[PDB]
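A short write-up of the structure that comes next.
Remember, it's 1-based here, ligands and their atoms both numbered in the order they're listed. Throughout, numbering of the chain's residues begins at 1 and tracks the sequence. Keep in mind that the numbers below use all heavy atoms, side chains included, and drop hydrogens, waters and symmetry copies.
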Amino acid sequence: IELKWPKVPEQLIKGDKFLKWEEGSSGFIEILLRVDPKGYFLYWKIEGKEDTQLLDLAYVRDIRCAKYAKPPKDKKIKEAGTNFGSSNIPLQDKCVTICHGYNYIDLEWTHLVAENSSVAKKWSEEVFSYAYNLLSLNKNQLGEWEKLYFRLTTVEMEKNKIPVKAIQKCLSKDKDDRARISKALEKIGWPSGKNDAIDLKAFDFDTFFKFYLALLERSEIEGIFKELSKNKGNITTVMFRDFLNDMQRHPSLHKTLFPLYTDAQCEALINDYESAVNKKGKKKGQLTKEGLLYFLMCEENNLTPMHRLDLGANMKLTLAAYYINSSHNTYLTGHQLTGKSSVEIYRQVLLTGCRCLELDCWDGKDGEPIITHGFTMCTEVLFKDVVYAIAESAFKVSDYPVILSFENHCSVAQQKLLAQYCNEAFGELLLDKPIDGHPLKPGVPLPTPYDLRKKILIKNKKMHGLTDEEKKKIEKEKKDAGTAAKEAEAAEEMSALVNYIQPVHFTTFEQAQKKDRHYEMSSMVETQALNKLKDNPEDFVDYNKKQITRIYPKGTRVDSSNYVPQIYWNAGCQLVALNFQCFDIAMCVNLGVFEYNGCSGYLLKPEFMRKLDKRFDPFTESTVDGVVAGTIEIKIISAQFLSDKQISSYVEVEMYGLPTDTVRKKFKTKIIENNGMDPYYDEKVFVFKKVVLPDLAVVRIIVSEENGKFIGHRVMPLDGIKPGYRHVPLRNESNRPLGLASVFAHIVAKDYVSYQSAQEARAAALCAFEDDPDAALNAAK
Ligand SMILES: [Ca+2]
């Protein structure tokens with residue numbers, strides 16, 4: 001595994017001097033900016049401010065320097081910045097710009113001037129790597145506890161002392177919870193008064209874990225300890241080994257590729273945990289209740305399968321073999337008809353690892369092409385600005401190829417400019433010619449993502465007996481397509497940039513097979529794709545083994561709502577385009593699944609979906625030959641640190657995959673009232689008895705306030721899911737960590753131990769994906 005934890009240079013730990021300034025103010029202040037030794041926070045002090053200022057790198061989106069930074073325009077700031085460090089270094093070369101946000105639509109900005117260009121560059125490269133570190137983003141609850149520990153001992157520390165005030169503010173705003181915190185500090189033997197402070201010497205991490213033990217009532221651990229110890233006293237080495245190999249391990253996990261734990265390893269692990277919790281009170285090969293809880297929260301018990309998180313997939317198959325992270329009308333940051341267009345949104349979408357973007361190009365009044373949603377009240381942006389934005393951000397988080405979907409409405413003169421600016425903005429990144437071994441002839445497969453690393457592909461038109469019932473459906477498809485229904489003819493300069501991703505008019509699956517052109521593809525509005533899926537589902541899957549389908553939402557979704565992408569991934573569609581600005585279930589799931597494989601934006605389709613000789617109906621309700629069906633059981637036990645106030649909460653568990661495996665609005669826990677710190681649900685297990693196609697499915701935990709307000713979630717693909725007792729750190733809608741907020745659950749995952757037309761039956765099957773499946777099903781009949 002190539003993934004590494006953040007490694008923070010001593011230079012950044014000590015810190016560097018910067019001038020900090022804000023838009024809309026003429027002020028500036030020199031700060032000493034620092035990173036904690038674990039790469040979790042940027043922090044700095046402002047003279048006269050009580051609290052140390054910080055940025056939680058969990059929500060940092062980008063950091064830019066030099067030509068990509070935003071230099072100050074205010075006269076007084078510019079003069080100060082020019083004089084800061086060396087005046088012989090141009091102002092902009094010293095500038096560093098940071099953008100941060102809980103989600104990527106609502107950004108805030110921090111602007112800095114370094115003393116020189118080397119410092120600006122070093123900080124930009126280092127901080128970006130920490131913000132996008134997959135291990136840091138996936139750490140278990142003990143890791144999040146350690147993050148809090150490092151905040152307290154670096155950011156909040158005052159003259160080698162940790163103020164109690166700082167401990168309380170980091171955990172809760174509630175009076176009762178603050179009392180619990182004080183009592184817990186008292187129980188440990190630390191000062192607990194409102195205005196007291198703890199010495200750094202006495203504030204070690206292992207004692208900080210003893211504070212965790214004193215604070216939360218993890219009532220469930222007693223019964224679980226009794227279970228695993230067989231009620232015989234402490235958990236012995238052999239009992240722990242069997243726990244790890246039987247309960248915490250998928251029974252079908254390959255025993256050579258993923259070796260079983262041994263006695264010697266388990267004795268050693270027990271020593272690790274017992275050392276941390278009991279020190280010389282530890283007994284050889286004997287794990288205590290507190291030692292068990294430590295394990296359950298530590299990296300050894302991380303729910304995330306590291307071999308899947310790492311960029312470990314085979315990237316050397318045809319492009320058609322992958323699910324590719326895709327954005328629709330990417331320029332829009334809100335409503336389809338009344339919202340704003342943006343340049344920065346392109347950078348933000350690419351930073352999630354999204355690989356396929358859309359650019360709706362129109363003639364600008366001044367002779368310069370623009371991007372906007374035609375015939376609406378949306379604002380416009382310059383095409384040139386967008387492509388320079390794409391060129392900046394395209395390969396910052398993924399090396400794998402980007403596809404730009406052009407919806408081209410420009411005159412020939414402005415299309416010349418589109419082509420010109422693509423060339424000038426992208427340079428070498430632009431794939432303007434076929435590569436060796438892959439000419440554009442029939443029968444020649446598409447290149448692999450590996451072949452096309454660091455390349456931008458252009459999807460644009462190249463140079464130029466139906467029945468009445470069929471013609472009417474086609475008319476509806478065209479209407480639902482909106483502005484995409486009619487583009488301009490391709491100019492030769494734009495045509496010239498198109499090769500492997502050539503959009504063509506779809507006729508039939510029979511015709512696509514006959515032509516045998518792997519570089520021809522179709523971009524279908526959801527209405528068209530649904531007609532094909534319902535008419536010829538098996539043929540759709542077969543088409544997608546060699547050729548690419550892009551899907552995009554119909555025009556009636558004016559609020560930028562999304563379909564659930566599994567609907568189309570189930571048919572092997574590769575470019576399932578979503579509105580990234582709408583954080584509905586579809587986007588939550590999309591960002592969840594594409595975190596895996598190194599956040600590359602590419603996921604390899606299941607083998608059965610790539611086998612040319614296999615026929616597969618995604619509407620099947622029975623087991624598929626060659627694919628082992630699964631059973632999943634999820635028991636929601638408790639949650640930790642859901643909120644800084646006393647909230648009432650519940651937990652839901654959903655599954656999305658094949659229609660027959662998709663379960664929404666079925667499973668909901670009881671409400672635990674007035675407890676945001678350690679609610680204990682102890683809910684009866686939720687059973688997903690028969691999962692027909694596990695590798696197309698994900699299970700999802702969603703935590704909400706009683707009034708339905710979203711708190712956090714976690715998406716767990718069944719491919720590689722780890723069973724047993726797991727802490728599940730929660731994520732926000734953009735799939736960034738909430739922090740300490742976690743659900744504790746038990747997971748069973750094992751092999752399953754045993755209408756008037758097809759179209760109508762298939763439409764009914766698709767009701768399972770809706771926000772209210774029963775109501776959708778009732779409305780159809
Ligand atoms: Ca469009």
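Closest to the Ca ion (ligand 1) among the N, O or S atoms of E358 is OE2. Looking at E407, its N, O or S atom nearest to the Ca ion (ligand 1) turns out to be OE1.
Rounded to 10°, the angle formed at the Ca ion (ligand 1) by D360 OD1 and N329 OD1 is 90°.
Using a 4.0 Å cut-off between charged nitrogen and carboxylate oxygen, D480 and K476 count as a salt-bridge pair. Between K532 and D535 there is no salt bridge, since no side-chain nitrogen of the basic residue lies less than 4.0 Å from a carboxylate oxygen of the acidic one. Note on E344 versus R64: salt bridge recorded, some NZ/NE/NH1/NH2 to OD/OE distance being below 4.0 Å. For the pair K665 and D772, the salt-bridge criterion is not met [side-chain N within less than 4.0 Å of a carboxylate O].
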